[PDB]
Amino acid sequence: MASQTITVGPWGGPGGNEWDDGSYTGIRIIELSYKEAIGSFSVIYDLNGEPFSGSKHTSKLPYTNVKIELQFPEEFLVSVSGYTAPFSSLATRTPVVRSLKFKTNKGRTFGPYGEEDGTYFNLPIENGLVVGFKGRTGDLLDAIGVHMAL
């Protein structure tokens, strides 16, 4: 196939429908919505020094919207963490992403957003960069994973 990157995760459940943004050169902006779990999730990547908009992974729920704006390129993620559990408001009870938190190399923290409820996942990055996301979304964020590169 084409060029490719190291992929970790997914954390979360087998619900909703798969999506993969693919890889890019870094991250500029993450946009998510949240209440008791994570709803929407959408990313403005850097591609070779300019913004590139990933597909929107919108949840239909009326959740609070946040926009995490990184000082790209000198600021970048060193950690992604959160929790996974079901959220009872569904017909199926499969685990979903209840919370996300992000930390950066400058010591900014974004989140937690959502409810720190369930099982903990934590991706600390000692060397390397986050360069794309993938997940599964239905009414909300069922699962999340990350692509990495040097």
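Don't overthink the numbering: it's just position in the shown sequence, from 1.
A.B. asks: Check the entry's C-alpha temperature factors for 93-101 and 53-61, then say which stretch has the higher mean.
C.D. replies: The recorded data point to 53-61.
A.B. asks: Tell me which of 132-140 and 20-28 has the higher mean C-alpha B-factor in the deposited entry.
C.D. replies: That would be 132-140.
A.B. asks: Sorting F87, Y45, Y83, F41 by Cα temperature factor from the record, which one lands on top?
C.D. replies: Most elevated C-alpha B-factor of the set, per the entry: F87.
A.B. asks: For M148, does the deposited CA B-factor place it in the lowest, middle or highest third of the chain?
C.D. replies: Ranked within chain, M148 CA B lands in the lowest tercile.
A.B. asks: Based on the entry's values, in what third of the chain does the Cα temperature factor of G111 lie: lowest, middle or highest?
C.D. replies: Within its chain, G111 is a middle-third residue by C-alpha B-factor, going by the deposited values.
A.B. asks: Sorting the chain's CA B-factors, does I125 end up in the lowest, middle or highest third?
C.D. replies: Lowest third of the chain for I125's C-alpha B-factor.
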